[PDB]
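Geometric and topological summary
As a plain string of letters, each chain reads:
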Amino acid sequence: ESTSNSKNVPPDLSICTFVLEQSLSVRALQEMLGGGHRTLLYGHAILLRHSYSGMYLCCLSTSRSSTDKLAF
Amino acid sequence: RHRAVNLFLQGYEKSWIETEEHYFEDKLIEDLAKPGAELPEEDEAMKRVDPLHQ
Amino acid sequence: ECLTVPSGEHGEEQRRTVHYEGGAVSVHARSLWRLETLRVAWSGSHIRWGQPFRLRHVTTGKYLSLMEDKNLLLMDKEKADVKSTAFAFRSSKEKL
Amino acid sequence: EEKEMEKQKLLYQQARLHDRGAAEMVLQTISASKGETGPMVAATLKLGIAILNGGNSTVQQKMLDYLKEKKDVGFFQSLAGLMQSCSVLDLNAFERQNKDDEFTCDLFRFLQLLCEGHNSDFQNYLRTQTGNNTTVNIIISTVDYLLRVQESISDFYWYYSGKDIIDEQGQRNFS
Amino acid sequence: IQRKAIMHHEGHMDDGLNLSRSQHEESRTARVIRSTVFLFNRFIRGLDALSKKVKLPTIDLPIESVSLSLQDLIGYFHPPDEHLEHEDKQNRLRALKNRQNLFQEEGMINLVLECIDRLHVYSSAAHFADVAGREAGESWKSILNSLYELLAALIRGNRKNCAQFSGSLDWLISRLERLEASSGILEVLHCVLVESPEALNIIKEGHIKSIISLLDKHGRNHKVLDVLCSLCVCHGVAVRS
Amino acid sequence: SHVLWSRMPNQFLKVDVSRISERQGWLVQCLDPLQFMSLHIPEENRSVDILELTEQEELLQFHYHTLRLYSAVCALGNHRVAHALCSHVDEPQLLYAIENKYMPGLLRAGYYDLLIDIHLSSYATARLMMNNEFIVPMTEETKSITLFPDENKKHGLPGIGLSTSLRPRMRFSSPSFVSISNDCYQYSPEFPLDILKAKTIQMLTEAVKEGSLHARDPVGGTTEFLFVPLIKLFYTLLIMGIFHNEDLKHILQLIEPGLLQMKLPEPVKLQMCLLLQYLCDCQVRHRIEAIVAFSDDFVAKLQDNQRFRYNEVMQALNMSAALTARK
Amino acid sequence: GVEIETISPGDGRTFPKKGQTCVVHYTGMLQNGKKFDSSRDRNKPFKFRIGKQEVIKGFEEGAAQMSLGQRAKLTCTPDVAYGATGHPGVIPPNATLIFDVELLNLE
Amino acid sequence: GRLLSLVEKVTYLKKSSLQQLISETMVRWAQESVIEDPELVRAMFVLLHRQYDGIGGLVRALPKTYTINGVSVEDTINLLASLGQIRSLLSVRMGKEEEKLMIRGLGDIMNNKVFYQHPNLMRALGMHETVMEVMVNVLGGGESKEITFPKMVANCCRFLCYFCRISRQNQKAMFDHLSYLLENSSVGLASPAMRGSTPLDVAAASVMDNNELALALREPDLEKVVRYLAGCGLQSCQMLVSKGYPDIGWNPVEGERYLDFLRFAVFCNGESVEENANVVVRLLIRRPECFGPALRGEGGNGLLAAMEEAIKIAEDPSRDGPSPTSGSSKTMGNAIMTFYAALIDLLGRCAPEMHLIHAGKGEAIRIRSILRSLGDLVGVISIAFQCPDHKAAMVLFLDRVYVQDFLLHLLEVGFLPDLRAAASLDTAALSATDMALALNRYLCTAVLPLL
């Protein structure tokens, strides 16, 4: 969503927003076999979430796009 | 024969008859509807889910 | 009342008009706007008086504007701009 | 010892019920009735005062924990509608009859027994409802009914001001 | 009531603007109109205009995405999984009826269900098969049966909606002249009668004999109780006439 | 497209015929009649026994959902259509269906309810509505109708006892119609009611023994199919007023000193509740009848006290307002 | 018409008259052998007089063409029976009919 | 001692062998299982409450029961048959061929001989609630009136609230169903049937002659009636333009029947009522929308102008202005003649007399002056000579609101009524015996001007 042309047209932020539900280290890894307003550090393992839709942007098996011919 | 004795006895029932001779039911029915006499091999002693809870 | 719009049976440009109705439409879809404020950062700020923004109609997806004839007509994203589509509140009726 | 045994047996009686979701049932039926005076809500209010009846803190905190969990707004909307739906003297019908109250007392007694024992949580939660999206101020809603009683009873006095003595029906409607 | 407004120089002083937010539970009301109403209108508009013998990729024909969109819609109007507890089930029924009747004032009677019926433009899913691309009439069943079920359970949903299919009984007849979805018509009937019989009061011999002609080509639908014995009786709570 | 399935293993038989072949000319004879149910239907026929359907689950659903249609069209009062259906589903099919033990439960409940909905869903439906009115005429029969028969204050028995209340009446017709619905719904024709009255008791007395053992084999599938339609038929026959005191004593003998003590599922309990409701309603009617019987002689004695001290009202002297009136 | 056939006749003489309740125990049928009526299973013998126009004229003409104790196989037609209207819900339009009639008495 | 021993027997909690069984087995069933199917656990505790509250079975059963003699047990059985036949056509609703069965059942009930002699049956059985349910099942909403045969109104009005000579309290129940008519305020006439709202007759008969029920009325029950009269303020254009004049042209009447109801509202048996008349005048006066053909300020609000204007429409032509001369005793002539006659009868019945119980000293002088302001009331002496029944209302206005020079302005109640009544009892073909009552009634109107 090109916001640089803000005066010629408006952008939409409601479909650009994201929310930080979780943030850990790489060592925090359990596989199954909170704290409350923690901070954020470089190198942490983050989790995003779209605001108004609950589709957690996360590691998934996306193997579709072939514009570059090797990229996800 | 005439219906006016029925409306006599309707007003009679509330006054001369309806009283704690049967309005003592309220505590007895609740002390009997609470206990839950069972032995399901899980309960403490009784009360699976008692009838009043249901 | 509530700043309603007529129904969708005439969907080309008749939905660009405006009407009011304080009946059952207070609850439903057409009577719903959104504050597409211009400031990207802190767009979810606690709003205070004297802050421009551009209104948007959720069901049709068209921004509010004010034409040269002093009458309100909606506008797409391509036509909107900070000249027309830029509104804000007033606590008192004084201008200042 | 008579009085203390009476209190303890009353608490046992109340614990036969409030250990089985009676309080939550009461709040639920009042929230369902959305401002409709009826008998189905009157019997509920009788049950509420009968389980409370002396500032029972257990049922108070149960009710309050329920309302703070569920965040039901229908309870307070129902109460504020019920107060508006409550009645006053209606001088004109008394003039016509020369040729609605137990419900109000039980309602306000139910409202009073929540804040008995100086429960500062309920006393504030009937002003703001801070956890919820929408708020109702019950306190002003009962002040308004107090005005609507005061106007009616002053009018009923002014009808009887210049006269000599008072009949039986007028004094009953006064009391 | 139609107090139209124009931006005066000062106008009336007594023209205050009180505000109402979409509350906590009405975040759902805010979400439906963004995610599911305007986008659905645009997608169905593109496909509907494209179904009038128009060049394919010049305007929205994203058959990857339209099928996924209506699948997401069906997931949005899914029933509440009966094994669930009472209060969660009833809250989901509340939310379901809200997002049904909130489509409705937007135009289930006028536009949205009219957009589904307008999207039924088909001569045959075989004859269109070699016209546009390689696929026209693949998933008529999904759209037809599922979202017609959403409408019929909406008409159930708020207890005085017998508005479109009972109202536009011509659009009920538009179902009966086709006969692929006899699994939403009964959802209309058995919820119409308990509210009030509007559908059943003009249907006639010409409809029932067509259904009977279909019945030779069936093995008793297994909710036949619904279709025919609610054409009769409404399950013990009837209207004599 | 089906295919004419060349392997078709399903129900053979259980009781063929009791023939004998005697000598002195090779005599043969049999005096034990038998019959069975066919299936051949003018839009999809399949000639088999009815009991050949419990192994296949694509004609059973069809037949069940047709029996529900049959019960639907003859619902809430419709007599022409019952006269029509009596050709298709004539009496002995129904009698054999209820009497049989090896059927599937779906067709059992369906044929039972189809019996009810074209025999016992107008008169019972009527007098259930008129049950809660308790209108009475005053006769000499309504005076030996006291609370208790004996002076011991014994608890009595509900159904036995004289009623004397203006309950509605029951008429009938025959299937080949004239005046199809003027006043005729004992059955749409006449049903033989006494044999049904007896066979219900026989099936019930068999079923308590069938259920007490916790048998793997109830009648149809499970025990709810066994008990539900039987009990509902018994209820519908009970609330009509057919049963005599001789039958009702046996009925109480089933359960009083039994069925209620037995383990049971929920939807049987739901029907036992309705039976008990009818018993309590009968008791209440007996109570108010005794009240009326008292009140006749009481008011007749009490107006004689007014006649004793004759006291009068306005100028029409000795008017009848002195006894009981105010105008 | 009533193309009467006999099965096990009796006297062949005691024909019926006016005002005579023919006590029948019939068993009706349809073409293609699809049964539509009976009286044997009800155990309720029919009763109808002559000339009263109660029944369709097929049964009346078959009784007039019949003696006592006479089992028979009548055969009516649509002209005497319900015709192209047809009795609704049971009989279709334009249906021939079969009846295993058996007269017993007259009163 | 008889009654005391009977109460000791009846209140023995009598038959306890069934009750000990039910009360223990139900709680056993609740004990041994956490049971689903809530329609079962409703019935269980229904019976468990019932077997203790055996008296509660009686308290809602003695109001229902009613005794009769052995002679009456045949006609009443036909009545129960008809009532059950209707109750099987009650919530299950209107029908085309069910219409005829409802009609014949109501006819057989009307032609019975039971409540003629019995004072309380038809109210205990719920016949009125049943029939009102049938009516609302017919109506549902506006715009249709599909089944245009409400003979129910004939039953209720012309028999149920008039059989209450034996017991007035039958009328009380239909007055309670005036709360039904509040929401169900309806406009359809099954009579001559132009527009005149025959279920309004139910409300009329509910408060026809009773001071108690007419005092029990209240202002919002009349505010909407006068709103409908305000809605009647529209012009007349065609022969009978009901709402478009489809084929037939005779006569529209819309506003007369509301005023005919308000007559019974204010005017009881003898002297009128002030508690309702004051509010009626105060409500009429905010919207006095009786807009006649042409006068100042309002449309009409003046009688001689509109009446002489409409007699041109009536005398030579038909009910319509442009129509070919067909009209006489037509009770568009009417609704412009009879409308103001009913208005004037209402207003005369509202107000009291000088030297009444109030001799103009008790706030009635305000409304009497308001009446006096509408003089045209002095000038209705012309209308008293210019149907005969229209003028009796204006005579009532004079007699109720209104020295002998004013008498001798007329010199009589009227020379022409006097002469035509003198001459009309002389048997002739025409101009005779139509006024066998139409002018022989004027003794009742003229004799009070004895004084």
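As presented, residues are numbered from 1 along each chain according to the written sequence, a scheme that may differ from that of the entry, and residues lacking coordinates are left out. For naming, the first written chain is A and the first written ligand is 1, with later ones following in the order written. Shown here is not the whole assembly but part of a larger one, and the values apply to the part shown. As a rule here, side-chain values cover all heavy atoms of the structure and leave hydrogens and water aside. Residues with missing side-chain atoms are left out of burial classes, side-chain pairs and their counts.

As stated in the entry header, the method of structure determination is cryo-EM and the reported resolution is 3.27 Å.

Residues and elements named next belong to chain G. On the basis of which strands lie adjacent, the open sheet formed by 3 strands has the order β4-β2-β8 and antiparallel pairing. Among the strands making up the open sheet, the edge pair consists of β4 (46-48) and β8 (103-106). Neighbour-to-neighbour, the strand axes of this sheet turn through a mean angle of 25°, independent of strand direction. Relative to β8, strand β2 (residues 22-24) runs antiparallel, the two being bridged by 3 bridges. Here, a strand pair is defined by DSSP locating no fewer than two bridges between the strands. Under the scheme used here, helices are H or I runs from DSSP no shorter than 4 residues and strands are E runs no shorter than 2 residues, and both carry numbers assigned from the N terminus. Fitted lines through C-alpha atoms serve as axes, helices being fitted only where they are in contact, and the angles separating the N-to-C directions of these axes extend from 0 to 180 degrees.

Here a salt bridge means any side-chain nitrogen of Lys or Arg lying within 4 Å of a carboxyl oxygen belonging to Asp or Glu. Tallied over the full model, the rule gives 48 salt bridges over all chains. With its nearest N and O atoms 3.9 Å apart, the salt bridge here joins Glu 1 of chain A to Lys 77 of chain C. Of this pair, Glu 1 of chain A sits in the segment before β1 (18-24) while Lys 77 of chain C is found in the segment after β6 (72-75), placing the two residues in two different chains. One salt bridge connects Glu 140 of chain F with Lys 143 of chain F, and the closest N-O pair in it is separated by 3.9 Å. Judged by its relative accessible area of 61%, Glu 140 of chain F is exposed. It is possible to trace a salt-bridge network through shared partners that takes in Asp 12 of chain A, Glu 36 and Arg 56 of chain C together with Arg 34 of chain E. Buried residues are those whose accessible area, probed at 1.4 Å on protein chains only, stays under 20% of the maximum for their type, while exposed residues exceed 50% and partly exposed ones sit between those limits.

Here the focus is the interface of chain C and chain A. Should any heavy atoms of two residues lie within 4.5 Å, those residues are considered in contact. Each side of the interface is counted separately: chain C has 12 residues, and chain A has 11 residues. Computed with a 1.4 Å rolling probe, the buried area is the accessible surface lost when two parts are put together, summed over both parts. Across the chain C to chain A interface the summed buried area is about 920 Å²; carbon plus sulfur atoms make up 48%. Among the residues of chain C in contact with chain A, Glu 36, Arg 54 and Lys 77 of chain C are the three that bury the most area, contributing 44% of the side total. Applying the counting criterion to the chain C and chain A interface returns 2 salt bridges. Elements that contribute at least two residues to the side of chain C that touches chain A include exactly β3 (33-37) and β4 (53-57) of chain C. Note on residue classes: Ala, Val, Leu, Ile, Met, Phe, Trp, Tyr, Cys and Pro are nonpolar, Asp, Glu, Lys and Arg are charged, and everything else, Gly too, is polar. For the side of chain C that touches chain A, the per-class residue count stands at 4 nonpolar, 1 polar and 7 charged.

As for its placement among the helices and strands, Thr 445 of chain H is situated in helix α24 (residues 442-446). Not counting residues up to four positions away in its chain, the partners in contact with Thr 445 of chain H are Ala 392 and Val 395 of chain H.

Rolled over the atoms, a probe with the dimensions of a water molecule shows which regions are left empty. Residues are called lining when one of their atoms sits within 4 Å of a cavity or pocket point, these points coming from a 1 Å grid over the protein atoms alone, where a cavity is a set in which a 1.4 Å probe fits but cannot get out and a pocket is an open set with protein on both sides within 12 Å along at least five of seven lines. Grid points are joined across faces, edges and corners, and a volume is the space filled by probe spheres set on the points. Here the largest cavity defines a volume of roughly 260 Å³. Elements supplying a minimum of two residues to the lining of the largest cavity: α5 (169-176), α7 (205-216) and α8 (224-232) of chain E. Taken together, the residues of the lining of the largest cavity break down into 10 nonpolar, 3 polar and 2 charged. In this structure, the second largest cavity occupies an estimated 190 Å³ of space. Together, 15 residues line the second largest cavity, and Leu 178, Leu 181, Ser 185, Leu 200 and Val 225 of chain H are the ones closest to its centre.

All names here are of chain F. For the pair helix α6 (residues 193-212) and helix α7 (residues 223-238), interaxial distance at closest approach is 10 Å and the crossing angle is 145°. In this structure, α6 crosses over α7, and the sense of that crossing is left-handed. Note on element contacts: α7 touches α6 through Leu 226, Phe 227, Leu 230, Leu 233, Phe 234 and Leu 237, opposite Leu 196, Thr 200, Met 203, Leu 204, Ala 207 and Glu 210. Per-class residue counts for the contact of α6 with α7 are 10 nonpolar, 1 polar and 1 charged. Two helices that cross are described as forming a left-handed crossing if the nearer one is turned anticlockwise from the farther one by less than a right angle, and a right-handed crossing if clockwise.

As a further point, take a nonpolar patch on the surface. Residues and elements named next belong to chain D. Without a salt bridge and with relative accessible area above 30%, a residue can belong to a patch; like charges are then joined within 9 Å and nonpolar side chains (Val, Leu, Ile, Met, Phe, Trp, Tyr) within 5 Å. Accessibility throughout is a Shrake-Rupley quantity obtained with a 1.4 Å probe, and a residue counts as covered only by protein chains that appear here. A grouping of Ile 153, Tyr 157, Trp 158, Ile 166 and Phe 174 is seen on the molecular surface, where their side chains present a nonpolar patch of about 520 Å² in accessible area. If you tally residues by element for the nonpolar patch, the top one is helix α9 (residues 138-161), at 3 residues. Here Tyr 157 is to be found in helix α9. Classification of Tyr 157 by relative accessible area gives partly exposed; the value is 47%.

Helix span, as expected, comes to 1.5 Å for every residue beyond the first. Its 12 residues give helix α13 (residues 220-231) of chain H an end-to-end C-alpha distance of 17 Å, which sits within 8% of 16 Å, the value for a rise of 1.5 Å per residue. Residues of α13 of chain H that are buried make contact with α14 (256-266), α15 (274-286) and α17 (338-350) of chain H.

By convention, interface size is frequently given as the accessible area that disappears when the constituent parts associate. Between chain H and chain F, the residue contacts involve 51 residues of the former and 37 residues of the latter. Listing elements by their share of the side of chain H that touches chain F, those giving two or more residues are α1 (2-10), α2 (17-31), α3 (38-52), α4 (54-59), β1 (67-69) and α5 (75-87) of chain H. By residue class, the composition of the side of chain H that touches chain F is 26 nonpolar, 13 polar and 12 charged. Direction of pairing for strand β3 (residues 136-138) of chain F relative to β1 of chain H: parallel, over a ladder of 3 bridges.

With that settled, consider the arrangement of the chains. The chain pair with the greatest number of contacts, out of 12 pairs of chains in contact, is formed by chains F and H. Separated in space, chain A and chain F share no contact, their closest pair of C-alpha atoms being 41 Å apart. At their nearest point, the C-alpha atoms of chain D and chain F are still 20 Å apart, with no contact between the two.

Turning next to α9 of chain D. Residues and elements named next belong to chain D. Look at α9: 34 Å from first C-alpha to last across 24 residues, which is about the 34 Å you get at 1.5 Å a residue. Residues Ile 138, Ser 141, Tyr 145, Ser 152, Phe 156 and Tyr 160 constitute the buried set of α9. Those residues of α9 that are buried are in contact with α5 (74-84), α6 (91-97), α7 (102-114) and α10 (168-174).

What follows concerns the environment of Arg 165 of chain H. Relative to the elements of secondary structure, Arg 165 of chain H occurs in the loop between α8 (152-160) and α9 (170-176). You can call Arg 165 of chain H exposed: its relative accessible area is 61%.

Time to look at the sheet that holds strand β6 (residues 74-76) of chain G. Residues and elements named next belong to chain G. One open sheet accounts for 3 strands, arranged β3-β7-β6; its pairing is antiparallel. The strands lining the two open edges of the sheet, one partner per strand, are β3 (28-30) and β6. For this sheet, the mean angle separating the axes of adjacent strands, direction not counted, is 25°. Sheet topology note: the β6/strand β7 (residues 97-99) ladder contains 3 bridges and is antiparallel. Its bridge partner being in β7, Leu 74 is matched across the sheet by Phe 99.

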